[PDB]
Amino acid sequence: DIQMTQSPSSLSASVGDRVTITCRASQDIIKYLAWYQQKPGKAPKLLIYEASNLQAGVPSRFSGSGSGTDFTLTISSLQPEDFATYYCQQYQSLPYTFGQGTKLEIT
């Protein structure tokens, strides 16, 4: 099984802050990494696919980078609606595994 380690588990930031969330894959997954946003009571929404391809409709303040084992999700300037739980997921090999999540809270 490929294990996805995300950090941090949680963080508090202010609107207009830039935030960085990392995800580490236990084995090479090339660019087969997705980032999802999950608001409370709601399902995950795909933000980024193939490590850095932003999905349509998703604000550009969201960006993904990395390859191999180390990935990053950056939100350039937080908006109120961005407070949620963020997850990375690898889809190179079954079972497709999620990181533990990062709960982003407002300061």
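From 1 onward, residues are counted along the sequence shown.
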| item | value |
| --- | --- |
| Between the two ranges 54-62 and 34-42, the one averaging a larger CA B factor in the entry | 54-62 |
| Residue 5 - Cα temperature factor, lowest/middle/highest third of chain | middle |
| Chain third (lowest, middle, highest) by recorded CA B-factor, residue given as residue 69 | middle |
| Residue 85, C-alpha B-factor rank within chain (lowest, middle or highest third) | lowest |
| Third assignment of residue 93 from its chain's C-alpha B-factors | highest |
